[PDB]
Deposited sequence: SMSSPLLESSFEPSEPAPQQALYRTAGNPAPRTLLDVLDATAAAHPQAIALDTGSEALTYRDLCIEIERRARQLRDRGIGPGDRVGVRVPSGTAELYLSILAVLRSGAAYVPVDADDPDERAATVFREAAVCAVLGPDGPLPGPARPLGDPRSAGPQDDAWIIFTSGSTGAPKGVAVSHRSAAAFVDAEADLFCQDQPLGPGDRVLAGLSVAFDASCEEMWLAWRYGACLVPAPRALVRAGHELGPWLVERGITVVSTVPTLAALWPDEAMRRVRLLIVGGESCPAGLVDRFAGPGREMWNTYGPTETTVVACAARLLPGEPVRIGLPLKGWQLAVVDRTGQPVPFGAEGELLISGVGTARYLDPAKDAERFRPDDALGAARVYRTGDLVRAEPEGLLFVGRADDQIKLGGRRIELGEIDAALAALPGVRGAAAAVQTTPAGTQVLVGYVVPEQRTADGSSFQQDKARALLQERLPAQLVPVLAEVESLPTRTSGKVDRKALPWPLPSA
């Protein structure tokens, strides 16, 4: 019973966080889109004018309000804050997602309204008219996580959890030179993906300024670089597949780089970590509020996912459910202040259960394999529903890493594909900065024959709405184009 990581946090709401910042930094720039540039004082005024409209419709605690507003716009973030201010919880769907996914989420969340680009629209449910403002027990957001084999499911996160996450991160990044007025935070992640909550509060927890960018820009590295320099961005939170394809010097003047959501390739550390830039790995399921553990990424060190945030508790366990010893691998379990819940009672019953190991009623079973060391966890891969090639269980991450390690490759992803006749091919998709016949030879020296993937060059790797790699979207079968 050695792989247990424990921690000791003051409960409050996200409105408490914003209002404390606004009180301390009333004249600092909170939100900056070029067109509009709002001090914290004017941000609150604009928030209140929008929240008043929602209250007039009866929206308050207990209500769920959809948000479907284009990225990179002031109104997107003003609308989210307006919902929170009114005491309701917001339910974000990316504007560029399909209308079909949007209808599913809003129906499944039972929203009483959705904020569209030209004003409020109807929601399947009706507001409940509670006049109170939110307390820590009230939901702040409901974010859908795609899952692992089924359809995406709604995760409801309380203000207490969301605030605990934001306050936890205030003890983590840049302790030597804290975030504050003068820092300028990119907001480029989809609001449907809860890492965008990290973006938002990396500004609003400290009196720094949020600088939204449209999602398309974040996927276009040659255009993003000049834009970040122009905007004076100092803080970037992103996803490895996105950043992999960015121009190397697209992070100059960025002093805090955070990656999360999928495995951070060793090469990204080599590209960005060093004196004058804190680079951090962050790991966490939507089910335990954005981030559960983090590690500084430094050159010459293995990539770790790290140690728990203040309020999170981690256990690594065998099949038996008992904690493994240091050096061993096991499934990661998470409890503490960040554990959320599923909307669907049945889904909640199978993922949140008591576990004697951590001694808590609600423990989230992540389904992730990790290796436990006293200085931090190392991510391994799936603990269940593992990819099969033929009949053999394989870990894609090891193939991803071997492809990324090739000379002349900026980014790579593997996939087990099914041929039209119904057999299987392991394919390695590679974005060259590269000689194919010579890359294959290197793969043959480092991988068992059955794990040497068929190589395919591609100009970029497709991403999901969150920014993680979209393996289903990689080209297949392989054109000679």
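According to the record, no C-alpha positions are given for deposited positions 1 to 18, 27 to 28, 454 to 461, numbered from 1.
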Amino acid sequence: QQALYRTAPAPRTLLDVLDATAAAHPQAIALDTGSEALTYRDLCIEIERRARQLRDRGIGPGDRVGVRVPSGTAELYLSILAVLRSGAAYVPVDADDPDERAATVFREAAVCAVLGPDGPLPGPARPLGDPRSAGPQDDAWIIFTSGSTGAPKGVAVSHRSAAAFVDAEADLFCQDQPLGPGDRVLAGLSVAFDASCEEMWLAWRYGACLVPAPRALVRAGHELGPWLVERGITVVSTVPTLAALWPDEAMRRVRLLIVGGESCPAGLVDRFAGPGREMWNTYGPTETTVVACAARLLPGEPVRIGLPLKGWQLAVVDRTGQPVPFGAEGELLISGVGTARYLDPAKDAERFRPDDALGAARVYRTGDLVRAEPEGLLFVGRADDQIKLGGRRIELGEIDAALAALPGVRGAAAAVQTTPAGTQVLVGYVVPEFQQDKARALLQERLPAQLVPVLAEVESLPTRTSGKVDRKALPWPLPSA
From here on, numbers count along this sequence of modelled residues.
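Comparing the deposited coordinates for 278 to 286 and 223 to 231, the stretch with the larger average C-alpha B-factor is 223 to 231.
Mean C-alpha B-factor is higher over 128 to 136 than over the other stretch, the pair under comparison being 195 to 203 and 128 to 136.
Residue set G338, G188, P122, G261: peak C-alpha B-factor at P122 (per PDB entry).
The PDB entry assigns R464 a C-alpha temperature factor belonging to the lowest third of its chain's modelled residues.
Ranked by C-alpha B-factor against the other modelled residues of its chain, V269 falls in the middle third.
Ranked by C-alpha B-factor against the other modelled residues of its chain, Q322 falls in the highest third. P453: CA B factor lies in the middle third for its chain, per the PDB record.
Split the chain's modelled residues into thirds by C-alpha temperature factor. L314 is in the middle one.
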